[PDB]
């Protein structure tokens, strides 16, 4: 019944994916999906007084180079609740290494918030906002002794290539028969 395994990656992949939100914007508690049960679990409380700048979660039925479900960040005006499904349009991708692992993260906007109707690529996002997101990931685990390195941002096309790669990695990981 774990929604990570049960939900499809999206209704029109990779143009529109499902984002399963784990962490609402504004939260200092780092939630994740419990792997066994699919419940929400507290992974940690962030060691610094930082908050997630985006709603944050995973794309169902994906896996990635870092040995986790593929991360997705959805820009929401009003945060959602954990375990909410958002139909999301990928617009770019944050390129980072986290303790040496290729922990990249899709950046997306909600299809059904008209505020974002003309946001289709990484160039549509205010620079200071991209900088704030990157800085969060650069520093949020500094007090835990972790080395993170932000490479930069890729465009919507690159995000979509990576989503398709992650859908394939899930099939290989869990032995899914086409």
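In this text, the rigid core denotes the largest set of C-alpha atoms whose superposition between the two forms falls within 1.5 Å. Positions refer to the first chain, counted from 1.
RMS Cα deviation from the shown model in 5 other deposited structures of this protein, rigid core fit, is larger for 167-175 than for the other stretch of the pair 1-9 / 167-175. The stretch 34-42 shows the higher mean C-alpha B-factor when 34-42 is compared against 113-121 in the entry. The deposited model assigns a higher average Cα B-factor to 145-153 than to the other stretch when 132-140 and 145-153 are compared. Ranked against the other modelled residues of its chain, the C-alpha B-factor of residue 79 as given in the entry falls in the middle third.
When the modelled residues of the chain are ordered by C-alpha B-factor, residue 102 sits in the highest third. When all modelled residues of the chain are sorted by CA temperature factor, residue 158 is found within the middle third. Annotation for residue 19: CA B-factor lies in the lowest third of the chain's modelled residues. In this PDB entry, residue 57 carries a Cα temperature factor that places it within the lowest third of its chain's modelled residues.
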